[PDB]
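Colleague: take these chains first, placed just as they are in the complex:
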Amino acid sequence: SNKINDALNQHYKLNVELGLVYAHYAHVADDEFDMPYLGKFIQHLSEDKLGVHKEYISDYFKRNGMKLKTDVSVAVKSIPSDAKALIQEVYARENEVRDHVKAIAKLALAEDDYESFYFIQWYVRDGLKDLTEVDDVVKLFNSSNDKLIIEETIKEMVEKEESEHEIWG
Amino acid sequence: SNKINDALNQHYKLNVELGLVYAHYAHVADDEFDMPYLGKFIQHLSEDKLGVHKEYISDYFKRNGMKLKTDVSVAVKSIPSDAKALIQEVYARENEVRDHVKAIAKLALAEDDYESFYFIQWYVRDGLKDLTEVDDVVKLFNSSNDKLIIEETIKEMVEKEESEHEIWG
């Protein structure tokens, strides 16, 4: 499917640009908001988008004959005003990821592309996983007014040896 | 120095875009040229550019008050015709990296920015290191006409537990 090749190239592009924006947001979290642990959490998110998220698509393309396209433009011209808004912006991006992944799964079924529907199940699962982790961080800013209390809870999230849920892990 | 902040933001941008181009080149090396080990070598190069190469600058900026800028545009519209030309293109990019790094070191001395001159020594050293590794791969294509013989030599380069030279490591 050229439709599937296109939607998956779009998703590759979305994960690259997300990764670069999060790298910037990670820098701002520490450097401007004095929240280094919030920065590491977002930095880890950035390396996931620029890592397996994009690399699994290129690996898939090499298996099935689809064409990879690298066409990337992103610029960070405005920054959220504080840390809560920063992680709220992260949340909004991840929510849009779940929607685009939903379109790809729907399209693979429309095309009877059962290899692509299999492949996208990983991204269906991770769409909810990543959103859960970010939402666990959003809740902190409404559970405490002390930025060092929040930082301590993020520290444990980031340093947790993360044992993986039977379904969503 | 705003000059130094600018040159270093330029270098951050160069390492991001290099990283993305190499990720594409890595895919093409395996998928089009049937050279998976050439792909892993270039993939490792890609993750270095998108990893410590960019992250050390953002770390530096957070230490010294310089501003980070994320403004990235790159698109891979043409691909080299064969594997030799691919790694020759990689070589040319790395050679231009050494020139830009040279300008930054010269500028830091002009500015009496001895912290920036210290910081850039890492990139002066890695400029020659990375170029050496790529040149060791370029030489292979003129030492053999058998693409599987070359692949075997790249395999050992990539899988080498790389012990680091006292000066250039």
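Modeller: On my side now, so go ahead. Residues are numbered from 1 along each chain as shown, chains lettered A, B, ... in the order given.
Colleague: C-alpha from now on. contacts and neighbour counts both.
Modeller: OK.
Colleague: what does chain A put close to chain B?
Modeller: A:20-21, A:24, A:27, A:30-31, A:58-59, A:62, A:68-76 (CA under 8 Å from any CA of the partner chain).
Colleague: mind giving me the ChimeraX select for those residues, buried ones only?
Modeller: Buried subset of the residues of chain A next to chain B, written as a ChimeraX selection, criterion 16 or more other CA atoms under 10 Å in any protein chain shown:
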select /A:20,21,24,27,30,31,58,62,68,69,70,71,72,74
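Colleague: restricted to strands, list the residues of chain A next to chain B.
Modeller: Members of these lying in strands (criterion: DSSP state E): A:71-75.
Colleague: which one of those residues is nearest residue B:37?
Modeller: Comparing those against residue B:37 with CA to CA places residue A:71 closest, at 24.7 Å.
Colleague: any idea which helix is longest in chain A?
Modeller: helix A:2-31 (DSSP state H).
Colleague: which strands and helices sit next to that one?
Modeller: helix A:36-48, helix A:54-64, strand A:71-75, helix A:83-110, helix B:54-64 (3 or more CA pairs under 8 Å, 6 or more residues apart in numbering or on different chains; DSSP states H and E).
Colleague: could you check the angle the longest one makes with helix A:2-31?
Modeller: Going by axes from the mean of the first three to the mean of the last three CA atoms, to 10 degrees, helix A:83-110 is angled at 170 degrees with respect to helix A:2-31.
Colleague: how about the first one?
Modeller: Here helix A:36-48 runs at 160 degrees with respect to helix A:2-31, directions being taken by the same axes, to 10 degrees.
Colleague: list of residues touching helix A:36-48?
Modeller: For helix A:36-48, contacts defined as CA atoms under 8 Å, 6 or more residues apart in numbering or on different chains pick out A:18-23, A:25-30, A:151-152, A:154-155, A:158.
Colleague: any idea how far it is from the chain center?
Modeller: Taking the mean of its C-alpha atoms, helix A:36-48 sits 11 Å from the chain's own mean (CA atoms, centre = their mean, to the nearest Å).
Colleague: go on, stretch A:132-149?
Modeller: Distance of stretch A:132-149 from its chain centroid, counting by CA atoms, centre = their mean, is 18 Å.
Colleague: what of stretch A:118-133?
Modeller: The answer for stretch A:118-133 is 9 Å, by CA atoms, centre = their mean.
Colleague: now for chain C:
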Amino acid sequence: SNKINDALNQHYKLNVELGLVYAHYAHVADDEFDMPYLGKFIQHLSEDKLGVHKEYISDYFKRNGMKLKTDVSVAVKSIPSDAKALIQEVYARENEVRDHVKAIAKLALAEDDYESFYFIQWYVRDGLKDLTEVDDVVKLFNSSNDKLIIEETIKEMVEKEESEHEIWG
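Modeller: Let me add chain C to what's already shown:
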């Protein structure tokens, strides 16, 4: 160079007197401000100034024929009003350290004293390292109003098995 011998004797004197002031500030942090961990952080800073910071210069002088001078006068006649101001005063001293080190590196190049320029690279690097650690402590007082929350974060900074950055470590 007598210029270099003089600037380095000045720096030796600055590190001695800094060390003694920080020893006093460490005492005041616990004894007056009830922040024992802030005290240990500043005490560790004090022992670095009176330790390798001064001892590396005397070691250098013994290698190259320069004369060591011990001429030290310092008295702590006024104390900052609270803990935030205390660590802000520490910060200001460290910022002045970076400036004096910059003058020495500039002077060594002016003199073509490449041994002294090599020697001072350590102090160029540590100038930014020490300032980073102190600034990580300054930020705490504006991230929380609870002095025991701050103390807990300083406790982890001090007790961290500090793995050292590839460039600034």
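Colleague: since we added chain C, can you redo what packs on helix A:2-31?
Modeller: helix A:36-48, helix A:54-64, strand A:71-75, helix A:83-110, helix B:54-64.
Colleague: mind listing what's buried in that helix?
Modeller: A:4-31.
Colleague: so it versus strand A:71-75, what angle?
Modeller: 30 degrees.
Colleague: what's the local residue count around residue A:156?
Modeller: Counted with other CA atoms under 10 Å in any protein chain shown, residues neighbouring residue A:156 total 11.
Colleague: roughly how far does it sit from chain B?
Modeller: Using CA to the nearest CA, to the nearest Å, residue A:156 is found at 22 Å from chain B.
Colleague: adding distance to chain C, write the helices and strands packed on helix A:2-31 out as TSV.
Modeller: TSV is the format used below for those (distance: least, CA to the nearest CA, whole Å):
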stretch	distance to chain C
helix A:36-48	9
helix A:54-64	27
strand A:71-75	28
helix A:83-110	12
helix B:54-64	6
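Colleague: of these, flag the one that's most buried.
Modeller: For the helices and strands packed on helix A:2-31, the largest average neighbour count (mean count of other CA atoms under 10 Å in any protein chain shown) is found in helix A:36-48, namely a mean of 22.
Colleague: now the helices and strands packed on helix A:2-31 as JSON lines including distance to residue A:127?
Modeller: Listed next are the helices and strands packed on helix A:2-31 as JSON lines, based on distance: least, CA to CA, whole Å:
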{"stretch": "helix A:36-48", "distance to residue A:127": "12"}
{"stretch": "helix A:54-64", "distance to residue A:127": "14"}
{"stretch": "strand A:71-75", "distance to residue A:127": "22"}
{"stretch": "helix A:83-110", "distance to residue A:127": "5"}
{"stretch": "helix B:54-64", "distance to residue A:127": "26"}
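Colleague: ok, residue A:29 - contacts?
Modeller: So residue A:29 contacts A:35-36, A:38-39, A:83, A:86 (CA under 8 Å, 6+ apart).
Colleague: go again with 7 Å.
Modeller: Residue A:29 makes contact with A:35-36, A:38-39, A:83 under the criterion CA atoms under 7 Å, 6 or more residues apart in numbering or on different chains.
Colleague: out of those residues, which is nearest to residue A:169?
Modeller: Using CA to CA, the contacts of residue A:29 come closest to residue A:169 at residue A:38, 21.6 Å.
Colleague: distance of that closest one relative to residue A:60?
Modeller: 32 Å (CA to CA, to the nearest Å).
Colleague: here is chain D, add it in:
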Amino acid sequence: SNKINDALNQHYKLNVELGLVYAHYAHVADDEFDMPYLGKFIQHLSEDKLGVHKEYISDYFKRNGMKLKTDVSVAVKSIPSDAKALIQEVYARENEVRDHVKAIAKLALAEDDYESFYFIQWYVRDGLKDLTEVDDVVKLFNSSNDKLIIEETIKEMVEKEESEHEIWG
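Modeller: So, slotting chain D in with the rest:
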């Protein structure tokens, strides 16, 4: 007792200035007299004066409400002519330490300050310990005319895993 607070602040000052003079003497022992082991012995003495000797007083002050004062002036304007005289000068300083400590113990009893008399017992003991170690080094210069023979004996003193006397250790 303000008398005790004063005498102990005086002793703090004496240990700081002693420490700095010994650091200079350690440098001169190696650099001028070619006796690096004599230097390490004196350097170790210097770090004891600037270490537990001063830090125990500041720790005591924080426990009992006494005020710490940092008022330090010392300059090394003349150097002994040879190594024997150097360690003889060290000896004379340590002998004066024992006298000042004796005055403090006598004063604490006069004041019925039994906490201060307890505290000073450490310094009564170390006064004789330190003097013994220095005197063991003074004797060497009258037991041999060969500076390398002396250096070898000091080397073992410094490198001895020093097991501590039941009373004076």
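Colleague: chain D added, so what about what packs on helix A:2-31 now?
Modeller: Contacts defined by 3 or more CA pairs under 7 Å, 6 or more residues apart in numbering or on different chains; DSSP states H and E place helix A:2-31 against helix A:36-48, helix A:54-64, strand A:71-75, helix A:83-110.
Colleague: who are the packing partners of the shortest one?
Modeller: If contacts are counted by 3+ CA pairs under 7 Å, 6+ apart, strand A:71-75 sits against helix A:2-31, strand B:71-75.
Colleague: make JSON lines out of these and add distance to residue A:91.
Modeller: Output for the helices and strands packed on strand A:71-75, formatted as JSON lines (distance: least, CA to CA, whole Å):
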{"stretch": "helix A:2-31", "distance to residue A:91": "11"}
{"stretch": "strand B:71-75", "distance to residue A:91": "22"}
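Colleague: quick one: closest of the ones you listed to residue B:52.
Modeller: Closest to residue B:52 of the helices and strands packed on strand A:71-75 is helix A:2-31 (CA to CA; 12.2 Å).
Colleague: angle of that closest one against helix A:54-64?
Modeller: Orientation of helix A:2-31 against helix A:54-64 (the same axes, to 10 degrees) gives an angle of 160 degrees.
Colleague: list the contacts of stretch A:139-154.
Modeller: For stretch A:139-154, using CA under 7 Å, 6+ apart, the contacting residues are A:35, A:37-38, A:84, C:143-144, C:149.
Colleague: got JSON lines for those residues, with distance to residue C:132 too?
Modeller: Shown next, in JSON lines, are the contacts of stretch A:139-154 (distance: CA to CA, whole Å):
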{"residue": "A:35", "distance to residue C:132": "14"}
{"residue": "A:37", "distance to residue C:132": "16"}
{"residue": "A:38", "distance to residue C:132": "18"}
{"residue": "A:84", "distance to residue C:132": "25"}
{"residue": "C:143", "distance to residue C:132": "17"}
{"residue": "C:144", "distance to residue C:132": "19"}
{"residue": "C:149", "distance to residue C:132": "20"}
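Colleague: and which of these is nearest chain D?
Modeller: Using CA to the nearest CA, residue C:149 comes nearest to chain D of those, at 22.4 Å.
Colleague: any idea which helix or strand carries the closest one?
Modeller: In this assignment (DSSP states H and E), residue C:149 forms part of helix C:147-159.
Colleague: ok, residue A:155 - contacts?
Modeller: If you count contacts by CA under 7 Å, 6+ apart, residue A:155 has them with residue A:37.
Colleague: for chain D, what's its nearest residue on chain A.
Modeller: For chain A, CA to the nearest CA, closest residue to chain D: residue A:148, 28.4 Å.
Colleague: no more questions from me, cheers.
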